[PDB]
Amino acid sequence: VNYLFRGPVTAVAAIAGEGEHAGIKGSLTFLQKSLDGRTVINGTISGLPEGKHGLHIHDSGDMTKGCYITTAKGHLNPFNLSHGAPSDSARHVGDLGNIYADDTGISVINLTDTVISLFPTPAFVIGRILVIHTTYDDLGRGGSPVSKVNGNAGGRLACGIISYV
């Protein structure tokens, strides 16, 4: 069969900020053993402001303008659902929740997801931008008009394209 659909797939994202956030640097590894399997996500980021930060996969993979996303498209959402928590049934494919940075600015990313895919199914996330937001994802529960659009997590601190190892 087409080798893109075979065996374990490993993907990575090099995460970096720019300008005043050029000190935010890290990486994530995505591992999915089989088409029907969960995806494990592991990594570290350093240089972050302490506290929670939304972690989302965007519909665009376009980084010609750095971490500035020109398109208005929003989070990766091929099933046209509303913004939710990773464990919610009403979520975008790109809704991976919050990560946490300690007071030294280190974040240990350690999570598993059953909605994203590293295989070319409709939930494919390769070739899209992974975003680390300024503040926390309210999981669609904040009562803000944009709570159900993107969790009201603010601007972008750092970005990277999810791609093949």
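Numbers follow the displayed sequence, beginning with 1.
S.K.: Taking the mean of the C-alpha B-factors per stretch from the entry, tell me the winner out of 125-133 and 96-104.
M.R.: Stretch with the higher mean C-alpha B-factor: 96-104.
S.K.: Higher mean Cα B-factor in the deposited model: 64-72 or 46-54?
M.R.: In the deposited entry, the stretch with the higher C-alpha B-factor mean is 64-72.
S.K.: Please pick out which of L35, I109, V40, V115 has the largest Cα B-factor as recorded in the entry.
M.R.: That would be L35.
S.K.: Relative to the other modelled residues in the chain, which third contains the C-alpha temperature factor of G23: lowest, middle or highest?
M.R.: As the PDB entry reports it, the C-alpha B-factor of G23 lands in the middle third of its chain.
S.K.: Of the three thirds of its chain by CA temperature factor, lowest, middle or highest, which one includes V1?
M.R.: Answer is highest: the recorded C-alpha B-factor places it there.
S.K.: Where does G17 sit by CA temperature factor within its chain: lowest, middle or highest third?
M.R.: Lowest third - that is where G17 ends up once the chain's C-alpha B-factors are sorted.
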